[PDB]
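Chemist: Let me see the structure of the following:
(one chain, ligands or ions: 3)
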Amino acid sequence: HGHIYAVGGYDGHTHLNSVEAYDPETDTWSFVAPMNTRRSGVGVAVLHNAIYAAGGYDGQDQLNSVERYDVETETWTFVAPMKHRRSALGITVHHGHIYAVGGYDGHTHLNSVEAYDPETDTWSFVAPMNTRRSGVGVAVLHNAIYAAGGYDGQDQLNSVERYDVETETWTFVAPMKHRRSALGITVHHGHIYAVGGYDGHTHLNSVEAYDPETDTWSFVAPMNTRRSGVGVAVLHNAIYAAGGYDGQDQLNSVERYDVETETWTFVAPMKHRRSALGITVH
Ligand SMILES: [Ca+2]
Ligand SMILES: [Ca+2]
Ligand SMILES: [Ca+2]
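Modeler: Residues are numbered from 1 along each chain as shown. Ligands and ions are numbered 1, 2, ... in the order given. Here you go:
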């Protein structure tokens, strides 16, 4: 449907159940049906033409609940809950399944990983990561899921792991040049883009890109704004960075990276400021 969906987050006072969608044809945001549950630190993905919002924090607990938006009915419906409560988890989709990666359960930072089967409406565990990671960024590239950065309970991480769906286990790949917790992670062309985050000292406007052909990370032009708790997605050959936290304020601004001009430019802001939001393209 070629729209960017911005899901939940925290606006500085409220944990949001609000959802809005960006139309690139008109450069405008409009609101969507709100979720059943408030969710900051939420993970979101699209599976068989529906948007899933998994985990997060509702203002009182970390969540194992998971809800599913159908664009036709404009309704959010709960599906089976995750086995682990997870805020600041990563969420992605591979081979018809949703993968919930890491996160924080209210006491522990998780290395556990669970997969959702929409045909049986059940979650199952898969291989845990080598490293515990909340505030992790995930994405899929070819036959693998990548988990980059995050926070292991005491350190912000620059390490990066790859889940090979054939070997069914996680292995380390080249680390990021910067440590990044609460970063955004997305895939463009054949590369993984790591966007923003927090390095233990400041909130980052920097960006770097992973080439699987060479197992190396390289510099890309930084964004105009520092953003941890940012959501990122690709739409029509451009990368969008929406929301986050610049070190002082939750953000409603949105920037778009053009790969030709290597330039970030602001587009229309969202109606709500959202740190620790989910962002996906539907
Ligand atoms: Ca057009
Ligand atoms: Ca089916
Ligand atoms: Ca190759």
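Chemist: which residues pair with residue 97 across the strands?
Modeler: residue 94 (DSSP bridges).
Chemist: just residue 275 next, same as before
Modeler: residue 10.
Chemist: Check residue 15 too.
Modeler: Legend: beta-bridge partners of residue 15 under DSSP bridges are residue 10.
Chemist: Then the one 4 residues further on?
Modeler: Under the criterion DSSP bridges, residue 19 forms beta bridges with residue 7.
Chemist: Look at it and say how many residues are nearby.
Modeler: Residues within reach of residue 19, counting by other C-beta atoms under 10 Å, total 24. To be clear about C-beta, it is placed using only N, CA and C from the backbone, and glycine gets the same treatment.
Chemist: Test my guess that it contacts residue 67.
Modeler: No. The pair residue 19 and residue 67 fails to qualify as a contact (C-beta atoms under 8 Å) at a distance of 10.7 Å.
Chemist: ok, and for stretch 7-14, which residues are buried?
Modeler: Neighbour counts over stretch 7-14 (16 or more other C-beta atoms under 10 Å) mark 7-11 as buried.
Chemist: Can you tell me what sits against that stretch?
Modeler: Contacts to stretch 7-14, defined as C-beta atoms under 8 Å, 6 or more residues apart in numbering, come from residues 15-19, 35, 38-40, 42, 44, 51, 53, 56, 59, 229, 243, 249-250, 272-280.
Chemist: just the buried residues of stretch 7-14 now: which is nearest residue 116?
Modeler: residue 7 (16.6 Å; C-beta to C-beta).
Chemist: and of the buried residues of stretch 7-14, the nearest to residue 93?
Modeler: Closest approach between the buried residues of stretch 7-14 and residue 93, by C-beta to C-beta: residue 7, at 14.8 Å.
Chemist: Quick check: that closest one vs residue 51, distance?
Modeler: Using C-beta to C-beta, to the nearest Å, we find residue 7 at a distance of 7 Å from residue 51.
Chemist: what sits in contact with each of the two?
Modeler: Taking C-beta under 8 Å, 6+ apart as the criterion, residue 7 and residue 51 both touch 44, 280.
Chemist: Which strands and helices lie in contact with the helix or strand encompassing residue 264?
Modeler: Assigning secondary structure by DSSP states H and E places residue 264 in strand 263-266. Judged by 3 or more C-beta pairs under 8 Å, 6 or more residues apart in numbering; DSSP states H and E, strand 263-266 is in contact with strand 254-258.
Chemist: Tell me the helices and strands packed up against the strand it packs on.
Modeler: Using 3+ C-beta pairs under 8 Å, 6+ apart: strand 254-258 touches strand 238-242, strand 263-266.
Chemist: Can you lay out these as a markdown table showing mean neighbour count and distance to residue 25?
Modeler: Below are the helices and strands packed on strand 254-258 laid out as a markdown table (neighbours: other C-beta atoms under 10 Å; distance: least, C-beta to C-beta, whole Å):
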| stretch | mean neighbour count | distance to residue 25 |
| --- | --- | --- |
| strand 238-242 | 25 | 14 |
| strand 263-266 | 14 | 17 |
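Chemist: I'd like these laid out as JSON lines, including distance to residue 97.
Modeler: Putting these into JSON lines (distance: least, C-beta to C-beta, whole Å) gives the following:
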{"stretch": "strand 238-242", "distance to residue 97": "25"}
{"stretch": "strand 263-266", "distance to residue 97": "33"}
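Chemist: how about the ones you listed, which one is nearest residue 73?
Modeler: Judged by C-beta to C-beta, the one of the helices and strands packed on strand 254-258 that comes nearest to residue 73 is strand 238-242, at 25.2 Å.
Chemist: Next, the angle strand 254-258 makes with the closest one.
Modeler: 160 degrees (axes from the mean of the first three to the mean of the last three C-alpha atoms, to 10 degrees).
Chemist: Residues touching strand 238-242, excluding its own?
Modeler: Against strand 238-242 from outside (C-beta under 8 Å, 6+ apart): 4, 6, 22, 184, 186, 188, 193, 195-196, 223, 227, 230-234, 254-259, 264, 267, 270, 274, 277, 279.
Chemist: in its sheet, what does it sit against?
Modeler: strand 231-235 (antiparallel), strand 254-258 (antiparallel).
Chemist: Alpha carbons of it, as PDB, please.
Modeler: The C-alpha trace of strand 238-242 is given here as PDB (Å, rounded to 0.1, in the frame of the first residue of the first chain):
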ATOM      1  CA  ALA A 238      14.600   6.200  -0.100                       C
ATOM      2  CA  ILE A 239      15.200   5.600   3.600                       C
ATOM      3  CA  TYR A 240      13.000   7.400   6.100                       C
ATOM      4  CA  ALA A 241      13.900   8.200   9.700                       C
ATOM      5  CA  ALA A 242      11.000   9.100  11.900                       C
END
